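Coordinates as given in structure36.cif (mmCIF, C-alpha atoms and all ligand atoms):
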```cif
data_work
loop_
_atom_site.label_atom_id
_atom_site.label_comp_id
_atom_site.auth_asym_id
_atom_site.auth_seq_id
_atom_site.Cartn_x
_atom_site.Cartn_y
_atom_site.Cartn_z
CA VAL A 113 -7.67 -25.74 13.91
CA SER A 114 -7.83 -29.11 12.22
CA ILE A 115 -5.91 -32.10 10.94
CA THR A 116 -6.93 -33.23 7.45
CA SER A 117 -5.17 -36.58 7.04
CA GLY A 118 -8.42 -38.45 6.30
CA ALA A 119 -7.72 -40.85 9.16
CA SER A 120 -6.27 -38.36 11.63
CA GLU A 121 -8.93 -35.83 10.65
CA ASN A 122 -10.19 -34.42 13.95
CA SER A 123 -10.51 -30.71 14.69
CA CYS A 124 -11.14 -28.14 17.39
CA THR A 125 -12.88 -24.79 17.65
CA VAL A 126 -13.33 -22.20 20.39
CA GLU A 127 -15.77 -19.33 20.71
CA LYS A 128 -13.70 -16.17 20.32
CA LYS A 129 -14.90 -12.87 18.89
CA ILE A 130 -12.30 -11.87 16.33
CA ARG A 131 -13.58 -8.82 14.50
CA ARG A 132 -11.34 -6.90 12.15
CA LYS A 133 -9.37 -4.15 13.84
CA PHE A 134 -7.50 -1.15 12.50
CA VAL A 135 -4.80 0.92 14.17
CA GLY A 136 -5.18 4.62 13.53
CA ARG A 137 -8.26 6.84 13.18
CA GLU A 138 -9.47 5.56 9.79
CA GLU A 139 -11.12 2.19 9.12
CA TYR A 140 -8.93 0.44 6.47
CA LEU A 141 -9.61 -3.03 4.99
CA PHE A 142 -5.98 -3.34 3.75
CA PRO A 143 -2.83 -1.36 4.73
CA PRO A 144 -2.84 1.52 2.18
CA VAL A 145 0.03 1.47 -0.38
CA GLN A 146 0.75 5.04 0.69
CA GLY A 147 0.05 7.14 3.74
CA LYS A 148 1.27 8.02 7.20
CA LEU A 149 3.30 5.59 9.28
CA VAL A 150 2.10 5.31 12.88
CA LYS A 151 3.34 3.36 15.87
CA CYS A 152 1.47 0.06 16.04
CA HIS A 153 1.95 -3.40 17.50
CA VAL A 154 2.02 -6.77 15.74
CA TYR A 155 2.92 -10.31 16.70
CA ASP A 156 6.52 -10.81 15.59
CA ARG A 157 6.50 -13.76 13.20
CA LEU A 158 10.01 -14.79 14.30
CA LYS A 159 9.57 -18.09 16.15
CA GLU A 160 12.48 -17.31 18.47
CA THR A 161 10.94 -14.17 20.00
CA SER A 162 9.51 -14.65 23.49
CA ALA A 163 6.21 -13.11 24.63
CA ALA B 31 15.80 14.36 15.34
CA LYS B 32 12.22 13.59 16.35
CA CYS B 33 10.36 12.10 13.40
CA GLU B 34 7.13 10.31 12.58
CA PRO B 35 8.45 6.82 11.58
CA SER B 36 10.22 6.20 14.93
CA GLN B 37 13.03 4.50 12.97
CA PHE B 38 16.73 5.09 12.30
CA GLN B 39 18.18 8.13 10.53
CA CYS B 40 21.27 7.66 8.37
CA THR B 41 23.68 10.23 6.89
CA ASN B 42 20.98 11.02 4.31
CA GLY B 43 19.50 13.35 6.93
CA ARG B 44 16.09 11.65 6.87
CA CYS B 45 14.40 9.07 9.05
CA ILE B 46 14.13 5.83 7.03
CA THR B 47 12.53 2.36 7.46
CA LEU B 48 15.02 0.26 9.54
CA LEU B 49 13.59 -2.98 8.01
CA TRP B 50 15.11 -1.68 4.71
CA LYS B 51 18.51 -2.41 6.37
CA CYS B 52 17.99 -6.07 5.24
CA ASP B 53 15.46 -5.72 2.32
CA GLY B 54 18.17 -6.61 -0.26
CA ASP B 55 18.29 -2.96 -1.49
CA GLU B 56 20.68 -0.12 -0.46
CA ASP B 57 18.34 2.86 0.22
CA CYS B 58 20.46 5.25 2.36
CA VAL B 59 23.27 7.11 0.50
CA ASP B 60 25.49 5.18 2.99
CA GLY B 61 25.77 1.36 2.67
CA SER B 62 23.90 1.04 6.00
CA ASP B 63 21.38 -1.45 4.48
CA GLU B 64 23.59 -4.50 5.40
CA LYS B 65 25.39 -3.36 8.59
CA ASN B 66 23.38 -4.55 11.64
CA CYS B 67 21.15 -7.51 10.56
CA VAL B 68 21.26 -11.13 9.28
CA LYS B 69 20.63 -11.41 5.50
CA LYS B 70 20.13 -14.09 2.84
CA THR B 71 23.00 -13.01 0.54
CA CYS B 72 21.43 -15.21 -2.17
CA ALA B 73 17.78 -15.45 -3.12
CA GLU B 74 16.60 -18.44 -5.11
CA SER B 75 17.35 -16.25 -8.17
CA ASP B 76 21.04 -15.95 -7.20
CA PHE B 77 24.19 -18.05 -7.59
CA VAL B 78 26.43 -18.70 -4.59
CA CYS B 79 30.11 -18.48 -5.41
CA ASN B 80 31.66 -21.25 -3.34
CA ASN B 81 33.13 -18.66 -0.94
CA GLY B 82 29.56 -17.58 -0.09
CA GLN B 83 29.69 -14.45 -2.27
CA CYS B 84 26.45 -13.80 -4.10
CA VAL B 85 25.70 -12.57 -7.62
CA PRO B 86 22.69 -12.79 -9.93
CA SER B 87 22.61 -16.43 -11.01
CA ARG B 88 22.60 -15.30 -14.64
CA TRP B 89 26.12 -13.96 -13.99
CA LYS B 90 27.35 -17.53 -13.47
CA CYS B 91 29.27 -18.93 -16.45
CA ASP B 92 28.05 -16.11 -18.65
CA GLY B 93 31.36 -14.87 -20.02
CA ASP B 94 33.10 -12.64 -17.48
CA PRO B 95 34.27 -12.81 -13.86
CA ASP B 96 32.07 -11.37 -11.15
CA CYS B 97 32.92 -12.60 -7.66
CA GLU B 98 36.35 -12.42 -6.01
CA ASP B 99 36.99 -16.13 -6.65
CA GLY B 100 35.73 -16.42 -10.25
CA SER B 101 33.23 -19.15 -9.35
CA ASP B 102 30.83 -17.29 -11.66
CA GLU B 103 33.09 -18.48 -14.51
CA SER B 104 34.18 -21.92 -13.23
CA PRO B 105 33.86 -24.37 -16.17
CA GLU B 106 33.38 -27.45 -13.99
CA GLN B 107 30.76 -25.53 -12.00
CA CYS B 108 28.73 -24.37 -15.04
CA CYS C 266 1.80 0.22 10.29
CA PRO C 267 0.89 2.30 7.23
CA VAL C 268 -2.45 4.04 7.67
CA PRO C 269 -4.38 6.05 5.08
CA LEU C 270 -4.93 9.77 5.03
CA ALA C 271 -8.53 10.68 4.33
CA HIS C 272 -8.90 13.21 1.55
CA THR C 273 -7.93 16.65 2.77
CA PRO C 274 -11.19 18.26 3.89
CA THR C 275 -12.33 21.44 2.21
CA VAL C 276 -13.27 24.23 4.62
CA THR C 277 -15.80 27.05 4.33
CA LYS C 278 -15.60 30.14 6.53
CA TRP C 279 -18.30 32.35 8.03
CA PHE C 280 -18.99 34.66 10.98
CA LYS C 281 -17.54 32.98 14.09
CA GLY C 282 -17.80 29.55 12.51
CA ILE C 283 -16.62 27.14 9.85
CA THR C 284 -18.10 24.28 7.87
CA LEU C 285 -15.82 21.35 7.13
CA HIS C 286 -16.49 19.38 3.97
CA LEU C 287 -15.64 15.74 4.55
CA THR C 288 -15.17 12.95 2.03
CA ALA C 289 -14.13 9.52 3.26
CA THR C 290 -14.71 6.19 1.56
CA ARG C 291 -14.61 4.35 4.89
CA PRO C 292 -15.48 5.17 8.52
CA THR C 293 -13.08 7.93 9.54
CA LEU C 294 -12.71 9.46 12.97
CA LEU C 295 -13.16 13.21 13.11
CA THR C 296 -12.42 15.21 16.23
CA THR C 297 -12.30 18.87 17.12
CA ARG C 298 -11.71 20.98 20.19
CA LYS C 299 -11.61 24.65 21.06
CA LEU C 300 -8.48 26.11 22.62
CA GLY C 301 -10.53 28.19 25.06
CA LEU C 302 -11.23 27.56 28.72
CA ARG C 303 -13.94 25.09 27.79
CA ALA C 304 -12.96 22.21 25.57
CA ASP C 305 -16.36 21.74 23.87
CA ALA C 306 -14.57 18.70 22.48
CA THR C 307 -16.46 16.39 20.14
CA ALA C 308 -15.82 13.39 17.94
CA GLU C 309 -17.80 11.63 15.25
CA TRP C 310 -17.25 8.54 13.12
CA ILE C 311 -17.97 10.25 9.82
CA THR C 312 -18.85 8.03 6.87
CA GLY C 313 -19.03 8.80 3.18
CA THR C 314 -19.26 12.49 2.36
CA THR C 315 -20.94 15.06 4.57
CA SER C 316 -20.53 18.51 6.08
CA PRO D 197 -16.64 18.66 -5.65
CA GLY D 198 -18.83 15.82 -4.42
CA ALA D 199 -22.03 17.44 -5.64
CA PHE D 200 -24.03 16.14 -8.56
CA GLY D 201 -22.30 16.90 -11.82
CA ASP D 202 -18.81 17.01 -10.36
CA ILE D 203 -17.77 16.06 -13.89
CA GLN D 204 -19.64 17.40 -16.89
CA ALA D 205 -19.41 17.25 -20.66
CA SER D 206 -21.26 18.24 -23.80
CA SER D 207 -21.91 14.55 -24.46
CA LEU D 208 -20.33 11.21 -23.67
CA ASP D 209 -18.05 11.28 -26.73
CA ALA D 210 -16.78 14.84 -26.17
CA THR D 211 -13.21 15.87 -25.43
CA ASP D 212 -14.15 19.15 -23.71
CA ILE D 213 -15.06 17.49 -20.41
CA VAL D 214 -14.36 19.53 -17.30
CA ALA D 215 -14.51 18.74 -13.61
CA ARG D 216 -13.74 19.96 -10.12
CA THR D 217 -13.18 16.68 -8.26
CA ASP D 218 -10.83 18.53 -5.86
CA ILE D 219 -8.13 16.02 -6.81
CA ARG D 220 -4.96 16.63 -4.85
CA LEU D 221 -1.71 14.69 -4.87
CA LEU D 222 0.54 14.10 -1.88
CA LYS D 223 4.28 13.50 -2.04
CA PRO D 224 5.27 10.02 -3.25
CA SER D 225 6.52 9.16 0.26
CA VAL D 226 6.66 5.35 0.02
CA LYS D 227 9.69 3.60 -1.53
CA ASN D 228 7.78 2.13 -4.48
CA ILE D 229 6.66 4.36 -7.31
CA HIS D 230 3.09 5.32 -6.51
CA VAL D 231 0.91 8.38 -6.91
CA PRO D 232 -1.31 9.24 -3.91
CA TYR D 233 -4.36 10.44 -5.80
CA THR D 234 -7.14 11.29 -3.36
CA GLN D 235 -10.45 12.97 -4.05
CA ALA D 236 -14.07 13.33 -3.10
CA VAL D 237 -15.94 10.21 -4.14
CA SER D 238 -17.82 11.01 -7.31
CA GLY D 239 -20.72 13.36 -6.84
CA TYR D 240 -22.60 11.08 -9.18
CA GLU D 241 -22.48 8.37 -6.52
CA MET D 242 -23.56 10.73 -3.75
CA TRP D 243 -26.50 11.81 -5.87
CA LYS D 244 -27.31 8.22 -6.85
CA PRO E 11 1.59 -6.98 -20.58
CA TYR E 12 3.57 -5.60 -17.66
CA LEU E 13 3.93 -5.90 -13.91
CA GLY E 14 2.68 -3.45 -11.32
CA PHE E 15 2.44 -2.73 -7.60
CA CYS E 16 -0.89 -3.78 -6.10
CA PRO E 17 -1.63 -2.65 -2.49
CA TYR E 18 -2.01 -6.14 -0.92
CA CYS E 19 -0.05 -9.22 -2.11
CA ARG E 20 -0.35 -12.95 -1.46
CA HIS E 21 1.30 -12.15 1.85
CA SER E 22 -0.38 -9.33 3.72
CA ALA E 23 1.99 -6.64 2.47
CA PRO E 24 2.60 -4.59 -0.69
CA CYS E 25 4.53 -6.27 -3.49
CA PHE E 26 5.14 -5.97 -7.18
CA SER E 27 2.89 -8.26 -9.12
CA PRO E 28 2.13 -9.38 -12.67
CA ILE E 29 -1.56 -9.64 -11.81
CA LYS E 30 -1.88 -6.15 -10.33
CA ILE E 31 -5.56 -5.22 -10.37
CA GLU E 32 -5.97 -1.73 -11.85
CA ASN E 33 -9.67 -0.92 -11.63
CA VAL E 34 -12.95 -2.69 -10.99
CA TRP E 35 -16.42 -1.76 -12.18
CA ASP E 36 -19.66 -3.14 -10.75
CA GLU E 37 -22.26 -0.98 -12.45
CA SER E 38 -23.96 -3.99 -14.01
CA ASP E 39 -27.17 -4.92 -12.25
CA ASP E 40 -26.29 -8.60 -12.72
CA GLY E 41 -23.76 -8.14 -9.92
CA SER E 42 -20.93 -9.27 -12.19
CA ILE E 43 -17.74 -7.22 -12.20
CA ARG E 44 -15.24 -6.17 -14.85
CA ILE E 45 -11.65 -6.48 -13.63
CA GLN E 46 -8.74 -4.78 -15.38
CA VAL E 47 -5.56 -6.58 -14.43
CA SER E 48 -1.97 -6.08 -15.55
CA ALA E 49 -1.76 -9.63 -16.85
CA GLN E 50 -3.26 -10.37 -20.26
CA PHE E 51 -5.63 -13.28 -20.83
CA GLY E 52 -6.32 -15.07 -24.09
CA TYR E 53 -3.10 -13.95 -25.77
CA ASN E 54 -0.15 -16.20 -26.60
CA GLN E 55 3.37 -15.51 -25.36
CA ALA E 56 4.05 -14.01 -28.79
CA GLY E 57 0.63 -12.35 -28.58
CA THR E 58 -1.38 -14.80 -30.66
CA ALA E 59 -5.04 -14.92 -29.68
CA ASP E 60 -5.52 -18.11 -27.64
CA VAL E 61 -8.24 -18.21 -24.99
CA CA F 401 17.15 -1.11 1.53
CA CA F 402 30.35 -14.87 -14.76
#
```
Would you put the structure from the file into structure tokens?
Amino acid sequence: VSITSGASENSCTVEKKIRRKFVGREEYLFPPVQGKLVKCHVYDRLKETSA
Amino acid sequence: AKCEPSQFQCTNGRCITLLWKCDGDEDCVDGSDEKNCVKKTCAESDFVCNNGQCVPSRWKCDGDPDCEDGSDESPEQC
Amino acid sequence: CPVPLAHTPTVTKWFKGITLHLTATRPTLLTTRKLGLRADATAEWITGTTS
Amino acid sequence: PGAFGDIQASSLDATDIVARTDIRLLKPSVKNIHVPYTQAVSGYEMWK
Amino acid sequence: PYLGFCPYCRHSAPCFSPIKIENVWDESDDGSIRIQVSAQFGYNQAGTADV
């Protein structure tokens, strides 16, 4: 994560293995336009939701 | 009945994507796609009649009335 | 989450056994099990096309 | 399907080309118009 | 030209798009790739040739 204001231009990084993952039994680079729908979990993008 | 999408079934007799209930499109034969969720009635392509009714923005001041208040034909508003 | 369906595998039949023909563009999990007393269950991350 | 010569023709500019790709089409299940064509990757690639 | 329905959009979900990629060939040994996209390049609005 970083700030790019030229002056306030610091940053931070953390070691964290973040390999691609794929719900289901088939490796898929991108969700296929068509196919089966299976129960999966995602981070709800709604800022109000509480984890 | 039990179904693969784990999402609501309407009077169409099929399980259907519940997110389509506020996708801007009526998919079920019933007008369920606007019953249980918050919606932008107007996209940036749409004209708000001053009552909050929404119509394609091209319908505004185009020749004929569209919304229940005629704002889509208001001269001053054109 | 939409997930793909690997191409429907063609099957060949023979005395007390079958040969599945598999065709997947990306790593796809295959599994099989017998319904007998023993499971003899197996799984394999098939890739590409193979039998 | 999937073997060498899965598609064949008299010559490149012929209209009598045949094949046995094992192409099969599922139901257009998703909301948007789309055709779920699925098949064995070309036998030419497997042979290559 | 026209508009199509490419699998992955600017946002990580399907969408209709004018620049729907149809097919991609990479048979050239140079490693360059031919891309067939729904949008047309080098043609004027009226269809005049203009690169
Ligand atoms: Ca809908
Ligand atoms: Ca009007």
Give me, as an NGL selection string, all polymer residues having an atom no more than 10 Å from residue D:228, counting all atoms listed in the file and skipping those fewer than 5 positions away in the same chain. (:A and (145-146)) or (:E and (15 or 24-26))
Taking into account only C-alpha atoms, which residue in the set D:235, D:227, D:243, D:214 is nearest to chain E?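 The closest residue to chain E is D:227.
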So that I can see what lies close to residue A:143, please list as a list in words the residues with an atom at most 8 Å from it, counting only C-alpha atoms and leaving out residues fewer than 4 positions away in the same chain. residues 266, 267, 268 and 269 of chain C; 17, 18 and 23 of chain E
Can you find the residues with an atom no farther than 10 Å from (-18.5, 21.5, 5.7), counting only C-alpha atoms, and report them as a list in words?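 It turns out the residues near that spot are residues 274, 275, 276, 277, 278, 283, 284, 285, 286, 287, 288, 314, 315 and 316 of chain C.
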Since we have the selection now, will you write its residues out, keeping C-alpha atoms, as an mmCIF file, in the coordinates of the input?
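In the end it all went to result35.cif:
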```
data_model
loop_
_atom_site.group_PDB
_atom_site.id
_atom_site.type_symbol
_atom_site.label_atom_id
_atom_site.label_comp_id
_atom_site.auth_asym_id
_atom_site.auth_seq_id
_atom_site.Cartn_x
_atom_site.Cartn_y
_atom_site.Cartn_z
ATOM 1 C CA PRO C 274 -11.190 18.260 3.890
ATOM 2 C CA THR C 275 -12.330 21.440 2.210
ATOM 3 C CA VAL C 276 -13.270 24.230 4.620
ATOM 4 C CA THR C 277 -15.800 27.050 4.330
ATOM 5 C CA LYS C 278 -15.600 30.140 6.530
ATOM 6 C CA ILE C 283 -16.620 27.140 9.850
ATOM 7 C CA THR C 284 -18.100 24.280 7.870
ATOM 8 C CA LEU C 285 -15.820 21.350 7.130
ATOM 9 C CA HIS C 286 -16.490 19.380 3.970
ATOM 10 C CA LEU C 287 -15.640 15.740 4.550
ATOM 11 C CA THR C 288 -15.170 12.950 2.030
ATOM 12 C CA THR C 314 -19.260 12.490 2.360
ATOM 13 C CA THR C 315 -20.940 15.060 4.570
ATOM 14 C CA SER C 316 -20.530 18.510 6.080
#
```
Interface residues on chain A facing chain C, 9 Å, all atoms listed in the file, written as a list in words: residues 134, 135, 136, 137, 138, 139, 140, 141, 143, 144, 145, 146, 147, 148, 149, 150, 151, 152, 153 and 154 of chain A
With only C-alpha atoms and all ligand atoms counted, collect every polymer residue having an atom within 9 Å of ligand CA 401 (chain F); state the result as a VMD selection string. chain B and resid 47 to 58 62 to 64
Export, as a PDB file, in the coordinates of the input, the selected residues with C-alpha atoms.
```pdb
ATOM      1  CA  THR B  47      12.530   2.360   7.460  1.00  0.00           C
ATOM      2  CA  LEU B  48      15.020   0.260   9.540  1.00  0.00           C
ATOM      3  CA  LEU B  49      13.590  -2.980   8.010  1.00  0.00           C
ATOM      4  CA  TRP B  50      15.110  -1.680   4.710  1.00  0.00           C
ATOM      5  CA  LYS B  51      18.510  -2.410   6.370  1.00  0.00           C
ATOM      6  CA  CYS B  52      17.990  -6.070   5.240  1.00  0.00           C
ATOM      7  CA  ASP B  53      15.460  -5.720   2.320  1.00  0.00           C
ATOM      8  CA  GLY B  54      18.170  -6.610  -0.260  1.00  0.00           C
ATOM      9  CA  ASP B  55      18.290  -2.960  -1.490  1.00  0.00           C
ATOM     10  CA  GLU B  56      20.680  -0.120  -0.460  1.00  0.00           C
ATOM     11  CA  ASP B  57      18.340   2.860   0.220  1.00  0.00           C
ATOM     12  CA  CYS B  58      20.460   5.250   2.360  1.00  0.00           C
ATOM     13  CA  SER B  62      23.900   1.040   6.000  1.00  0.00           C
ATOM     14  CA  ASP B  63      21.380  -1.450   4.480  1.00  0.00           C
ATOM     15  CA  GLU B  64      23.590  -4.500   5.400  1.00  0.00           C
TER      16      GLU B  64
END
```
Would you compute the distance between atom CA of residue B:80 and atom CA of residue B:99? Give it in Å to one decimal.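 Between atom CA of residue B:80 and atom CA of residue B:99 the gap works out to 8.1 Å.
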How many Å lie between atom CA of residue E:44 and atom CA of residue E:21, rounded to one decimal? 24.3 Å
Take atom CA of residue C:307 and atom CA of residue C:279 and report the distance between them in Å, one decimal. 20.1 Å
Please find the residues of chain D near chain E - the criterion being any atom within 12 Å, counting only C-alpha atoms - and write them as an MDAnalysis selection string. chainID D and resid 226:232 241 244
Which residues of chain B are close to chain A, meaning at most 8 Å apart when you count all atoms listed in the file, and how do they look as a VMD selection string? chain B and resid 34 to 36
Which residues form the shell of 12 Å around ligand CA 402 (chain F) when you count only C-alpha atoms and all ligand atoms, given as a PyMOL selection string? chain B and resi 77-79+84-105+107-108
Specify the axis-aligned box that encloses all atoms of stretch 205-211 of chain D listed in the file after padding of 3 Å on each side, stating its centre and edge lengths in Å to one decimal as AutoDock Vina command-line options.
```
--center_x -17.6 --center_y 14.7 --center_z -23.7 --size_x 14.7 --size_y 13.0 --size_z 12.1
```
For chain D, which residue among B:67, B:73, B:46, B:33 is the nearest when counting all atoms listed in the file? B:46
Sort by chain and increasing residue number a table of all residues of chain D within 10 Å of chain C, each with its closest pair of atoms and their distance in Å to one decimal, counting all atoms listed in the file, and write it as a Markdown table.
```
| residue | atom | partner | partner_atom | distance |
| --- | --- | --- | --- | --- |
| D:197 | CA | C:275 | CA | 9.4 |
| D:198 | CA | C:314 | CA | 7.6 |
| D:199 | CA | C:314 | CA | 9.8 |
| D:218 | CA | C:275 | CA | 8.7 |
| D:219 | CA | C:272 | CA | 8.9 |
| D:220 | CA | C:273 | CA | 8.2 |
| D:221 | CA | C:272 | CA | 9.8 |
| D:222 | CA | C:270 | CA | 9.8 |
| D:226 | CA | C:267 | CA | 9.7 |
| D:232 | CA | C:270 | CA | 9.7 |
| D:233 | CA | C:272 | CA | 9.1 |
| D:234 | CA | C:272 | CA | 5.6 |
| D:235 | CA | C:272 | CA | 5.8 |
| D:236 | CA | C:288 | CA | 5.3 |
| D:237 | CA | C:288 | CA | 6.8 |
| D:238 | CA | C:314 | CA | 9.9 |
| D:239 | CA | C:314 | CA | 9.4 |
| D:242 | CA | C:314 | CA | 7.7 |
```
